[PDB]
Each structure stands twice: as C-alpha cells, then as structure tokens.
Amino acid sequence: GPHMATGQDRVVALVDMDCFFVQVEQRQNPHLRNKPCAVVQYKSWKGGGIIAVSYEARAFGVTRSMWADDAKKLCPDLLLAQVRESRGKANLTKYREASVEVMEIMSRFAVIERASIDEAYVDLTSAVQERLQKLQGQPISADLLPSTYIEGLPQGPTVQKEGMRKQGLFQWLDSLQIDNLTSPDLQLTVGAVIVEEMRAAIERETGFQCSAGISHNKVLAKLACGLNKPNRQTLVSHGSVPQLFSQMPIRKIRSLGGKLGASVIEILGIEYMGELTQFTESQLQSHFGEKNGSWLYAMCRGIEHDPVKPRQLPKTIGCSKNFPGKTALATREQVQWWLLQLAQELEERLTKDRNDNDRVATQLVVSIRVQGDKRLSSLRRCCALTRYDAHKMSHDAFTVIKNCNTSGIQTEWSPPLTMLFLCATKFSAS
DNA sequence: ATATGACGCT
DNA sequence: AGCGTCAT
Ligand code: NA
Ligand code: NA
C-alpha cells in the first residue's frame with residue numbers, strides 16, 4: 001500500500017552498437033557505407049559464416065549464422081567484409097579496439113558495465129541527479145530528445161514513422177510531472193537526455209551509431225533497446241510495463257530465452273510475461289527454485305535488482321577455434337600445433353592487456369570438445385599461468401589434456417577434437 | 001559445418 | 001574444481 005517497492009530507484013540504460021562489426025568495416029571502407037553489407041568469418045566452406053549484418057541487408061532476409069553463399073541468394077548485391085585471419089584463426093582485434101574506443105567515450109557520461117563487444121549497460125542514477133540540479137526547474141524540451149521513443153505513446157483520442165514518434169514524445173512531455181525532482185518518470189526522461197548526448201558524442205567521435213533503451217533496470221533497458229532500431233532509443237517507463245508485458249513472449253526477456261523460459265511456458269501453460277503476475281511468489285519458487293521464483297515474481301511486475309557493475313574491462317581473455325566435420329583434430333601433432341597458435345594469439349592479447357590495464361592473469365583454463373558431443377565444452381582443466389610465454393602456455397595446456405587421448409598409438413589422437421579453447425583468468429593488479 | 005564471455009550449480 | 005546455462 002504505502003510500502004511495496006516499485007523498482008523505480010535507478011535509471012539504467014542498455015546501449016547496443018548497431019551491427020557493430022559491419023559499422024567498423026564500413027568506417028574503414030567507405031564503399032560499404034549505406035549498402036547491404038555483412039561481415040563473414042572464413043571463406044572456403046559455403047563462402048564463410050556471416051556474423052554481422054547491415055540493416056539494409058537484414059531487409060533481404062540476411063541473418064547472422066547464415067552461410068555467405070546462402071546470403072548471396074537472398075541478396076545478390078550483398079557486399080562482404082572478411083574478419084582478419086591470423087595464425088589460421090579468426091582475429092577480432094580490430095573490433096575489440098573499436099569497442100574500447102566506444103567505452104572510453106561512454107565513460108565520460110556515466111557508470112559503464114561492459115556486457116559484450118557491442119553492448120554496455122549504463123547506470124545513470126547519479127548523473128541524472130546531478131543533471132537535475134544543473135537544469136534547475138527548467139522544463140525538458142522535445143529538442144533535447146531528437147531520437148527518443150516513449151514506449152506506449154502516443155495514445156488516446158498522421159501516418160509517418162517520425163510523426164508518430166514526435167506525437168508520443170509531445171504527449172509524454174506535456175504530461176510530465178516536473179514539480180517533483182523525485183518523480184521516477186522525470187528521472188527516466190533526464191536519463192534519456194543524457195543518453196542522447198552520449199550517443200551524439202559516440203557518433204561524432206567515432207562515426208558509429210547505436211540504439212539504446214532507458215528504463216529502471218537492466219532487463220527493461222535491454223528490452224527497450226530492441227524496440228526501435230537502428231540509431232534510435234526507447235524509454236520504457238514503469239507505467240508502460242503492464243501493456244508491454246501483456247503481449248511480450250516470455251523468451252524475449254533476458255535470461256528466459258533458454259531452458260528456464262521454456263519450462264516457465266510449459267509448466268504454467270502461459271505464453272506472455274504478463275501472465276506471470278497471477279502466481280504467488282511461493283508457487284513460482286516451487287516450480288523454478290527460490291532465486292528464480294523470486295526473480296520472476298518481481299520481473300513480471302517490471303522489478304529487477306541486478307546492479308550495473310562498474311567494470312569496463314572483460315574479466316577473462318580467451319581464444320578458441322572450432323574444427324568442424326572432417327577438419328577435427330586427429331593427431332597429437334595437430335593438437336600441439338593449434339594449441340601453440342592459440343597460445344601465441346593469447347600471449348599477444350595478454351601482453352597488450354598488461355600494458356594497457358595494469359593487471360596480469362594467473363590461471364589458464366583449457367577446454368576442448370570431442371567429436372559427437374553437442375556440448376560447448378566436453379572437458380575443462382586448469383593450470384597456473386605464471387609466464388606470458390606462448391610455448392609454456394601451449395605445452396602446459398597439452399599436459400593437462402593429453403590423458404583424454406583414447407587411442408593406442410600416441411602419434412594419433414582419438415577421439416577427434418572439434419574445439420580447442422584457451423582462457424586466461426583470475427587477474428591480479430600488476 | 002550456427003569466437004568468445006559472464007555466471008550458476010554443486 | 002569442473003560442468004551447465006545463457007548470451008552476443
Ligand atoms: Na505538466
Ligand atoms: Na510521475
């Protein structure tokens with residue numbers, strides 16, 4: 001009544017760099033700009049695997065994970081940029097460096113959590129408060145929100161996309177409850193102003209565009225982000241949640257896209273997020289466990305407490321390569337040679353990381369996949385990482401996995417390996 | 001034959 | 001420690 005928490009304490013955004021690897025290649029090669037374009041890894045097998053897709057190409061049905069040969073059938077004029085290949089493996093250094101460029105700009109505006117190479121969560125709570133002070137009581141002009149959509153508006157008693165956007169924004173701002181510096185809706189609005197400014201700076205200083213969502217927590221921010229793309233941002237208010245969730249498939253909510261989300265759908269006989277509200281917290285815990293049940297109970301009401309962690313650097317640095325089909329590794333000599341290739345890239349990236357970020361990794365995780373095993377990893381083993389030395393890391397990696405070899409003759413390697421993965425972890429400040 | 005990274009469970 | 005889950 002006067003006491004239930006409504007999950008409106010924070011202002012949180014999620015920024016997704018639009019088809020990021022494509023933009024990186026389009027910046028470098030202007031001939032690819034404003035065209036149907038994709039980024040592909042490798043080339044011999046069916047033209048290579050597509051890993052990023054321009055919005056012009058998406059309109060022809062081209063998607064990630066598609067074979068480039070198949071993408072060309074959907075989009076004959078598709079332009080392709082190829083991921084750099086180093087030591088016979090994909091090398092993502094150009095995109096990591098671009099990601100760092102963006103993160104350093106974002107950091108000037110608010111607290112950033114690196115979510116992936118192309119996504120960051122943003123905690124705007126303190127930046128909003130400070131901006132509310134500077135603003136004084138001056139009202140928020142629509143000119144400060146030139147790319148913002150207000151989810152759920154316009155509503156109530158013009159057929160162009162941009163006209164609908166401005167209608168909803170005018171309706172939101174007209175209503176906007178500004179006498180109170182503690183209105184959650186006002187705080188979200190100021191957060192959206194800051195994100196416009198942040199996105200403007202990113203585009204001016206790198207050429208890169210992005211989409212964003214602004215709401216009260218990470219899950220709603222991420223959901224908001226996907227509602228209006230590309231190069232747009234969406235504000236999802238607490239009040240918009242009942243209507244938004246009433247037709248929102250459960251699998252669209254972060255962390256419910258897999259087996260848990262499935263189980264929610266099958267056990268409860270529901271399909272939309274909003275249908276979760278009819279269950280008590282105990283009943284959800286009974287089906288899905290105490291933590292998951294409490295989380296679903298809060299989440300279906302728009303409430304989620306996962307903090308934006310102040311960390312722009314990845315916690316682990318890893319290198320992996322799959323060896324599919326007939327390329328699976330079947331000799332001891334192959335296994336050793338590719339462990340060295342992986343270890344040499346890893347030494348390079350670790351040395352750059354130590355100079356850039358004043359830290360050293362202390363543990364080496366070795367993971368492999370054996371042919372026939374659908375799992376990401378068939379086995380993981382760890383050993384100490386004391387020298388940034390490719391030959392020692394690769395030798396040590398072989399040592400900890402060599403006993404997995406089933407074959408009688410140790411010149412051969414059985415069962416064949418379909419993946420090798422080296423990951424450096426357990427960093428210490430250096 | 002759709003390269004990574006974070007984190008949960010035990 | 002080592003495996004399972006979810007994700008970009
Ligand atoms: Na008003
Ligand atoms: Na309000």
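Side chains included, hydrogens not; waters and symmetry mates left out as well; all remaining heavy atoms used. In what follows, every chain begins at residue 1, and chains take the letters A, B, ... in the order their sequences are listed.
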Assign A:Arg381 to base, sugar-phosphate, or nothing according to its heavy-atom contacts below 4.0 angstrom with the strands shown. sugar-phosphate

Within 6.0 angstrom of A:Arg332 CZ, more than 12 heavy atoms from elsewhere: yes

Could you tell me whether A:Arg251 and A:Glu271 have a side-chain N and a carboxylate O separated by less than 4.0 Å? no

Which nucleotide of DNA chain B is the first, and which the last, in the 5' to 3' direction, to come under 4.0 Å of a heavy atom belonging to chain A? B:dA1 to B:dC7

Side chains of A:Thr425 and A:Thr316: is there a donor and an acceptor less than 3.5 Å apart? no

With rounding to the closest Å, how many angstrom separate the P atoms on B:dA1 and C:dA7? 23 Å

Are side-chain N/O atoms of A:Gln243 and A:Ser246 paired as donor and acceptor at under 3.5 Å? yes

With a non-hydrogen cut-off below 4.0 angstrom, is A:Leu376 in contact with a base, only sugar-phosphate, or nothing? base

Does the side chain of A:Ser211 pick up a donor-acceptor pair with the side chain of A:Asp16 at under 3.5 Å? no

Mind checking if A:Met17 touches a base, just sugar-phosphate, or nothing, with heavy atoms under 4.0 Å? nothing

Hey, which sits more toward the 5' end of DNA chain C by its nearest nucleotide, A:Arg375 or A:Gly258? A:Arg375

With sequence neighbours excluded, tell me which residues meet salt bridge (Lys or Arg N to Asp or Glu O under 4.0 Å) with A:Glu101. A:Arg27

Could A:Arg301 and A:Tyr297 be counted as a cation-pi pair, given that NZ or CZ must be under 6.0 Å from the ring centre and within 45° of the axis? yes

What is the nucleic acid contact for A:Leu256, judged by heavy atoms within less than 4.0 Å: base, sugar-phosphate only, or nothing? sugar-phosphate

Look at all strands and tell whether A:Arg349 reaches a base, only sugar-phosphate, or nothing, counting heavy atoms closer than 4.0 Å. sugar-phosphate

Using a cut-off of 4.0 Å on non-hydrogen atoms, how would the nucleic acid contact of A:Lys89 be classed: base, sugar-phosphate, or nothing? sugar-phosphate

Could you give the start and end, 5' to 3', of the contact zone on DNA chain C for chain A, using atoms under 4.0 Å from its heavy atoms? C:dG2 to C:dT8

With sequence neighbours excluded, residues passing salt bridge (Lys or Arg N to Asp or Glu O under 4.0 Å) with A:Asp396: A:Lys392

Do we see a donor-acceptor contact under 3.5 Å between the side chains of A:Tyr95 and A:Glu25? yes

Taking only residues two or more places apart in sequence or in another chain, which ones pass salt bridge (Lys or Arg N to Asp or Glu O under 4.0 Å) with A:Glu304? none

Check each residue of residues 303-326 of chain A for a non-hydrogen atom within less than 4.0 Å of any atom in DNA chain C, then write out the ones that pass by number, or none. none

Which is true for A:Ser65 with a 4.0 Å heavy-atom rule: it touches a base, it touches only sugar-phosphate, or it touches nothing? base

Would you tell me whether A:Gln233 and A:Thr148 have side-chain atoms, one donor and one acceptor, within less than 3.5 Å of each other? yes

